[PDB]
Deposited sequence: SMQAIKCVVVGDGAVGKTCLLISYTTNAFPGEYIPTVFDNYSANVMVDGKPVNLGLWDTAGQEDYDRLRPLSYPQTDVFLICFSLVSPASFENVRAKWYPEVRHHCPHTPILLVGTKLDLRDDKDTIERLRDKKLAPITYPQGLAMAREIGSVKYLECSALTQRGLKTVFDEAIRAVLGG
């Protein structure tokens, strides 16, 4: 049967984990309804179809004992932060990287910056400037990726779908080659 790949997506509340999965799998960004489900996608990689199982997770502290129950048999993790939330970025090193590695010392991690569409949005830049902050830049995201031993750093927008297929393609190749 098809090569199966278990991919688990983690990161702070509101970084866009669920939208990333729905936009990727259905080719449509959620409207009013945003639903921690498992999505099943099929991907053609080097001429063979692959069964990508995608596991959504809750980012909140209340699930700190329950969430890791989904981790066994994971083939690759995506650690997500919003490019327009520096707090979510800091939490990659402070929370997500240590949690994943505590349970899965060897599983490849891809770092994904989300909400790419908002990085040069004026209202967003101004909002962040008021708190003495700025959107996370590509060099900064890449530096965090190296620091956490990630195999790849990617940026995407679930809303426009820019970079979205590449995230999951690279996820698969980190497992398969």
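Unmodelled segments of the deposited chain, in sequence order: 36-37, 180.
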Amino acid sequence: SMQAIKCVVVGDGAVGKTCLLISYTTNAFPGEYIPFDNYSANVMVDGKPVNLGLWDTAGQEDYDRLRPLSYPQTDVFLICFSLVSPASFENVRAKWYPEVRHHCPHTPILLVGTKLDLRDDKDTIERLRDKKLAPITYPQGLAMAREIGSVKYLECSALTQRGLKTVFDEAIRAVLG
From here on, numbers count along this sequence of modelled residues.
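By rigid core we mean the largest C-alpha set that fits within 1.5 Å across both forms.
With every structure aligned by its rigid core, 42-50 is the stretch of 42-50 and 109-117 whose CA positions lie farther away in 4 other deposited structures of this protein.
The stretch that strays farther, by root mean square C-alpha distance over structures and residues in 4 other deposited structures of this protein after a rigid core fit, is 63-71, when 136-144 is set against 63-71. Mean C-alpha B-factor is higher over 37-45 than over the other stretch, the pair under comparison being 37-45 and 104-112. According to the PDB record, 25-33 carries the higher mean C-alpha B-factor of the two stretches 62-70 and 25-33. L164 sits in the middle third of its chain by CA B factor, as recorded in the PDB entry. Among all modelled residues in its chain, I136 ranks in the lowest third by Cα B-factor. Per the deposited record, the Cα B-factor of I148 falls in the lowest third when ranked against the other modelled residues of its chain.
In the deposited entry, the Cα temperature factor of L142 places it in the middle third of its chain's modelled residues.
Among all modelled residues in this chain, the alpha-carbon of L54 has a temperature factor (C-alpha) in the middle third.
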